[PDB]
Amino acid sequence: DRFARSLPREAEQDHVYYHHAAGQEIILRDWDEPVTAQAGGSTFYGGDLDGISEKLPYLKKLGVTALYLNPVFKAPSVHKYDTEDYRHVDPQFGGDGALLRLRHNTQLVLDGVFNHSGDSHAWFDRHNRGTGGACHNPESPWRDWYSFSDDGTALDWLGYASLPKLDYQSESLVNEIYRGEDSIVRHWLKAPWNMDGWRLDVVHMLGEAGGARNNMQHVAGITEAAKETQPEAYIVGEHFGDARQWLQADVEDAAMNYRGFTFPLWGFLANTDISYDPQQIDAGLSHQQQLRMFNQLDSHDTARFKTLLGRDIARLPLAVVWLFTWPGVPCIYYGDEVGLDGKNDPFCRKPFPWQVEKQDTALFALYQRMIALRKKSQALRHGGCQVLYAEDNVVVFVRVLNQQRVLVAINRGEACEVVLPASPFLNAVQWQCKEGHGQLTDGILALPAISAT
């Protein structure tokens, strides 16, 4: 929603309908206006469809190639965890034909909302948009996607009534989910549109109290599913937890990473938890996925970096770099490089602006070249990984394999501490130039310069 405003027709007016009245009457807010819309409603700002085609000159020219993106179908809400209509792209976006060009224009990424379901979904449909009414009737093609008790509240999405929990098994649902021809992912895995990938949303619960086989053959089944249509098929599966049902190669080929980067190193850079619970810190998953696992900044389950930042401009262009030498397949948190804020959900969620993105704003021509370097350089892509200097107000380490090099020196401190990052155990010629401005391997330790922090 925070991304870009393509259409004023798919932009619904305020009071245009409601959701779960109240389901109070819609409230909008101008760009550069506050994050959660005024009493008697919210919300509803950026992210429409036609503009990214002409924002890949911002995204993709020359930076990004494919876009990690949230769930993409019907829910009235700004977020849409609760799917209503499945196959067609959600109206607010638009549809899938000014879209259909767009993944081939994009020639992209996506995310699945399928875990939770709609209450006001187009089949079971309390508030009765669908024609079906399982909320009333036990005789419909869409009823036993839940089992029994079919009343006020029970076990669903950590107990949410609006997001019901489905009766997921074989051969039953996921016929319009992943597996089948009807399935939308597989209803979108082909020409002309064919799907680079897709994403799972806290399915760690899936299936009948989650973390049983149910959770994962549901998944293992999808692996061959991956491997059915496209070898490019690339997958994730949301669990906050350490990855394992996250991958086995058998289980996955990728997954999401709080634990990866986003929860570990802020203590170091944004000083603390993603939750924003302070951290003091001075100085598992198979080869392929390592340079394959997803890697980004903040989210709509947690706080944002500036809140963490020592209110310090320095802190983030620093931190951002850490995401470059980094492995996995990063899918950065927009405003990742620009310096923006995002209070606490749904404040965290915050409009994508224009103005501070200037490159006088030293962001630009940092995060710009810094990706670009990791696209000049595969040493920050498929390399081996060493870790180097243990210093308060320093950190060093490398990526090591058999064709190139990059080590990476950093200075923590408000003021420098001269470091000397040696690359003899490196075992590559000394006195030699290492592109930058600029260094000799001489002394088998790097003597160059970069500002306090």
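Numbers and lists here come from the model and the stated rules, or from a named source; these are not laboratory values. In this analysis, Cβ positions are derived from the backbone assuming ideal geometry, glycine residues included, and neighbour counts consider all displayed protein chains.
Brief remarks on what is shown
- Selected residue (only one of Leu108, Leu62 is of a type in the set (A, V, I, L, M, F, W, C) and closer than 25 Å to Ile184 by Cβ): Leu108
- Among the residues listed as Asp341, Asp336, the single one being in the same structural domain as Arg259 (by CATH) and in contact with a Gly (Cβ under 9 Å, 6 or more places away or on another chain): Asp341
- Residues of segment 221-251 that turn out to be farther than 18 Å from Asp111 by Cα and of a type in the set (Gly, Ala, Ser), as a count: 4
- Matching option when the condition is of a type in the set (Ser, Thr, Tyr) and surrounded by fewer than 17 Cβ atoms within 10 Å (Cβ to Cβ), among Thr229, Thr262, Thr325: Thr229
- Of the residues making up segment 410-436, those that are within 32 Å of the chain's Cα centre (by Cα) and either crowded, with 17+ Cβ neighbours inside 10 Å or assigned by CATH to the domain that holds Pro327 (or both) number 3.
- Flag for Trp193 being surrounded by fewer than 20 Cβ atoms within 10 Å (Cβ to Cβ) and in a loop (DSSP other than H, G, I, E, B): yes
- Filter result for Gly159 (over 24 Å from the mean Cα position of the chain (by Cα), surrounded by 20 or more Cβ atoms within 10 Å (Cβ to Cβ), assigned to a loop (DSSP other than H, G, I, E, B) and in the same structural domain as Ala255 (by CATH)): no
- Residue tally, condition assigned to a loop (DSSP other than H, G, I, E, B) and either surrounded by fewer than 17 Cβ atoms within 10 Å (Cβ to Cβ) or touching a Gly at 6+ places or on another chain (Cβ under 8 Å) (or both), over segment 99-115: 5
- Some residue of segment 208-217 being hydrophobic (A, V, I, L, M, F, W, C) and surrounded by fewer than 19 Cβ atoms within 10 Å (Cβ to Cβ): yes
- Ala365, sole failed condition from (1) at negative phi; (2) assigned by CATH to the domain that holds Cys331; (3) part of a loop (DSSP other than H, G, I, E, B); (4) of a type outside the set (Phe, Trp, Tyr): (1)
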